[PDB]
Each structure stands twice: as structure tokens, then as C-alpha cells.
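Okay, so here's the structure we're looking at.
Cβ coordinates were reconstructed from backbone atoms using ideal geometry, including for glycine residues, and neighbour counts include every protein chain displayed. Computed from the coordinates by the stated procedures, all read-outs in this text should not be read as laboratory data.
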Amino acid sequence: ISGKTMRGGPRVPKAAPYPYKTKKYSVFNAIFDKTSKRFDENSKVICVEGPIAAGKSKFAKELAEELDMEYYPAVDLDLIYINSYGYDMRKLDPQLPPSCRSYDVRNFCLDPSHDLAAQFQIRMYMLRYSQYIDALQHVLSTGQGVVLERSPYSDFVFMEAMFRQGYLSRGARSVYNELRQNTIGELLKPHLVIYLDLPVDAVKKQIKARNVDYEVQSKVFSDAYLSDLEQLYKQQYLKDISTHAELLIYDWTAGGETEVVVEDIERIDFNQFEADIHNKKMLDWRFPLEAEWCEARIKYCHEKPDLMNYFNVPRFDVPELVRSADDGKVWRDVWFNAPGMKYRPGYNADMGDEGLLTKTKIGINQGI
Amino acid sequence: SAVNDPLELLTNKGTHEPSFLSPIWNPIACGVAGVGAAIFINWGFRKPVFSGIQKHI
Ligand SMILES: Nc1nc2c(ncn2[C@H]2C[C@H](O)[C@@H](COP(=O)(O)OP(=O)(O)OP(=O)(O)O)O2)c(=O)[nH]1
């Protein structure tokens, strides 16, 4: 990793960027277009983790604009509840049954003890897992490194944090652990992890300084929930990720400086871990052949429906994650008769689409 | 004929007229099968069933 200040300009790509959002990458595309020809020192996956009030979007934005990488924002549940046409599905809440209504993080902030919350965290995992592969498709196909505000490796910390406060049952822990044991072994671990360290009182101070209308007057962010998550980070997630990823603890109780952490990143030698073949650090990115590199690119640019179909675990013993059949029927009749999702995206003529009589272009990795 | 000759049973005299559907049944049944297969493809992908009529043609 080399910054823009020492390099004296923007980085140059070693090859042309592959249009991974338009063209598929099968083995017959992998014969011609190689994938290790566009890799350099700025092809790392950096996850900037921290507490909930630490500045991570601004820091990840300036790190992406400083190290010449792409900033991937934090996931929020507007990605499900707003479709591709821009229609909000929170306006279908009176039509939906109350056991199948909308549950965003605002509804968690006022009502954390609701039965949908055990669904909600799982939904958050289904947006982190869907983002990281979308991060990995940017690493393997274009060569540009990515930086993520949140990672699916760190999402279990919030799961035990809602468990310890009492918002989750033991069955919700069991089904999230089954989903994690089913899914977390299929995606590559990041190269570098930045933990922006904050004490428990300064998190509350930044929360009341932000003055977001659902963070204030909420009983979720007490002195036990924040302390539980900051303890649980540093003694479960950091200890798990330090075996593979480099771990950088930064005292973010002040405003925080950007040039010192770019200096701290730049002195890290990334080639010393490739000397040992069986080294635990950077084991997931150690591909000795071009065929293994192309197999790794195929696994995320072409086999993303497989990794999204790996969320198909049946666990019916929990009552708060089973949608009843009449409620599921009226949920289908409301949700799939919406103006946005009557058909697949790009083929809905009710919301201003033309030329459908001669259109047979499905798309790549599109949710149906 | 008063004999049950085996050779004249297989010999085509030419008095059997083919039906109206006999020369034309298989192309129109396979055309309807192809149109229904394209409609089935468009239904399985949640496309409109008559979207992309070039595939049907
Ligand atoms: N239940 C639950 N809540 C979550 C989860 N992830 C985040 N949250 C909630 C807790 C907090 O209210 C808030 C966390 O804030 P963020 O991590 O998005 O940081 P914030 O945007 O405040 O600052 P930043 O963008 O990092 O500068 O969202 C999760 O997985 N589950």
C-alpha cells in the first residue's frame, strides 16, 4: 500500500478494468481474460471497524480518496425497503399483517424487544454478506482495493450484544450461529483491520452530539450495551481476525488524524507473509497459480447465487422467525403486487419502462 | 378376396387418404411447444410472458 502523497499522483492500473457489473465471468471468459495481471500493492481489503458512534464513514472516505481505493458504505435496511424504482415499501405497512411489517433500525431504536428484531440482525448479516462479495468482485475483477465501514466477520458482536441485553432468545442465537457456520467459510478474510478505539462514555457523548432523532430518547444505548459491544469487539472479533488480518488500534477519543495512520499503514511490509506458505496471516489470498486466481474470481463473480442460496437453513423450532402461512400469503399479495416489484427489475412497464417487446436482457447477479 | 394372402396385407393399394392434421400436426405442435417454452422461460425469470417476442418467434 502506497499513499497518494508519497507517490506524487494517482495510481495507474496494470490492466483494463473488467466490466464485472455487465459481463459475466465463466470459465470461457476465464480462458482469455486473466485476473492476476492487474494486481499491485493497492489491492487489499481494509475493514474499518469500531463502536457505533466513532467516525468511520468520513475516515473511510478520506482513506479511500487518499489510498486511491473505493469506499463501500455501511449497509442499512433501506436497500430492501426501497426497490430499484425508488418506491418505499414502508408505505405498505397498513396492508401488511403486524407480524410481517417493516422493521428498520429506527424501529429497533424505539422498540428493541420486538419479535422482528431477531429477524432484523439476520437481515443485517444478509446485507453485509451481500456487500463483501460485491467488494470482492471489485478486487478480483478490477484490481482496485476496497474499504468497508462494516464487515460480516464483525456482525456477530451485535448479535451477542442484543442477546446479553435480553433482546434475543437462545433460539435466535442458535439460528444465527447456524447461518454463520453455514456461510462465513466461503468468503475471503480481509488483509487489514482498523479498530477506532473509543471509551464507553465518549460513544454516548458522540451519540448525543449527533442528535439523530431515534438515537436520542432510546433506551437501547445504555451503559451496558455499549460496554458489552466494545468489550466483545476486542476480546472476540479482534482476537479472531488478528490470526489473518493485520490489526491497528487507534485511540480515536480525540478528533483523530489521517496522515499518521496512512504513515502507519505504509510501513507495514506486505511481502513478508508470502515467504511462509503455511503462514496463518494472509492465507486466504495465497493463490500460487493463475488457475486458482481465476477459480477465486469465478467463485464470487459467477457463483454469488450459490453463496446467497447458502442462507437456506431450515429451523422451524423458533416462533419469532416463522412467518405464518396466511400472513405469508397476504404478504406475497401485497409485496409482489407493488408498483416496484410486480415483475423483475428492468421489466416493469407500470413504472416507466419501454421497449419490452424486444428486450431479453436479464442482468448479472440481480435479485428477482 | 376369399384368401388371407399375407403379401396383399402389407402392399399399399393407395386407397388410404391422409387426414388434414396428418402432414401439419407435428410442426404446429412443436411450434406451440416452442412458444410455450419461451413463455415458461419468461415466467420463471419473472419477466412478462410476452416480453421479448423474438425468442418466441
Ligand atoms: N441491531 C443492530 N443495530 C446495528 C447494527 N449495525 C449497526 N447498528 C446500529 C447501532 C447504532 O444505532 C448504529 C451504528 O452506527 P454506525 O456503525 O452506522 O456508525 P455511525 O453512522 O454512527 O458513524 P460513522 O458513519 O461510523 O461515522 O446502527 C447491527 O448489526 N444490528
Matching entry among A:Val318, A:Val322 (being free of Cβ contacts under 8 Å to residues at least 40 places away in the same chain, closer than 27 Å to A:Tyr167 by Cβ, more than 14 Å from chain B (Cβ to nearest Cβ) and β-branched (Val, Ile, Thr)): A:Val322
Any pair with Cβ under 6 angstrom, 6 or more apart, that starts in the range A:103-128 at a residue that is within 14 Å of chain B (Cβ to nearest Cβ) and ends at one that is more than 10 Å from the ligand (Cβ to nearest atom) and in a helix (DSSP H, G or I): none
Residues located in the range A:296-342, provided they are among the aromatic types (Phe, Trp, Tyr) and closer than 30 Å to A:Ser141 by Cα: A:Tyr300, A:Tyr310, A:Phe311
Residue check for A:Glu246: without any contact (Cβ under 8 Å) to a residue 24 or more places away in the chain, more than 14 Å from chain B (Cβ to nearest Cβ) and away from the ligand (no atom under 15 Å from the Cβ): no
Helices (runs of 4 or more DSSP H) (entirely within the range A:1-103) containing at least 1 residues that are within 16 Å of the ligand (Cβ to nearest atom) and not acidic (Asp, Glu): A:57-67, A:78-81
Subset of the range A:335-357 [closer than 15 Å to A:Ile82 by Cα and hydrophobic (A, V, I, L, M, F, W, C)]: A:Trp335, A:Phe336, A:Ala338, A:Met341, A:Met351
Any pair with Cβ under 8 angstrom, 6 or more apart, that starts in the range A:59-80 at a residue that is closer than 30 Å to A:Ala338 by Cβ and more than 14 Å from chain B (Cβ to nearest Cβ) and ends at one that is within 14 Å of the ligand (Cβ to nearest atom) and among the acidic types (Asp, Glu): A:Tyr72/A:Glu149; A:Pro73/A:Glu149; A:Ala74/A:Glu149; A:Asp76/A:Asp104; A:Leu77/A:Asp104; A:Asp78/A:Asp104
Matching residues, the range B:30-57, being within 14 Å of chain A (Cβ to nearest Cβ), in contact with a helix residue (DSSP H, G or I) (Cβ under 6 Å, 6 or more places away or on another chain) and more than 15 Å from A:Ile362 (Cα to Cα): B:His56
Selection within the range A:136-176 - under 18 Å from the mean Cα position of the chain (by Cα) and away from the ligand (no atom under 15 Å from the Cβ): A:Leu136, A:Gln137, A:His138, A:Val139, A:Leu140, A:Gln144, A:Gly145, A:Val146
Answer from A:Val12, A:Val45 - the residue that is touching a helix residue (DSSP H, G or I) at 6+ places or on another chain (Cβ under 8 Å) and among the β-branched types (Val, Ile, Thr): A:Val45
Qualifying residues in the range A:325-346 (those that are more than 30 Å from the chain's Cα centre (by Cα) and among the aliphatic types (A, V, I, L, M)) - the one farthest from the other protein chains (Cβ to nearest Cβ): A:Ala325
Neighbours by Cβ (under 8 Å, 6+ apart or cross-chain): first from the range A:201-214, touching a residue at least 24 places away in the same chain (Cβ under 8 Å) and farther than 19 Å from A:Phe108 by Cβ; second surrounded by fewer than 17 Cβ atoms within 10 Å (Cβ to Cβ) and among the polar types (S, T, N, Q): A:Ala202/A:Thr253
Residues being of a type in the set (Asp, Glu) and within 21 Å of the chain's Cα centre (by Cα) - total across the range A:241-259: 1
Sole exception among (1) more than 14 Å from every other protein chain (Cβ to nearest Cβ); (2) assigned to a helix (DSSP H, G or I); (3) surrounded by 10 or more Cβ atoms within 10 Å (Cβ to Cβ) for B:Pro27, by number: (3)
Out of A:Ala349, A:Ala275, sole residue that is over 30 Å from A:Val200 (Cβ atoms), more than 14 Å from chain B (Cβ to nearest Cβ) and loosely packed, with under 15 Cβ neighbours inside 10 Å: A:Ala275
Candidate set: the range A:209-232, residues that are part of a helix (DSSP H, G or I) and within 12 Å of the ligand (Cβ to nearest atom); chosen: the one farthest from the other protein chains (Cβ to nearest Cβ): A:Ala209
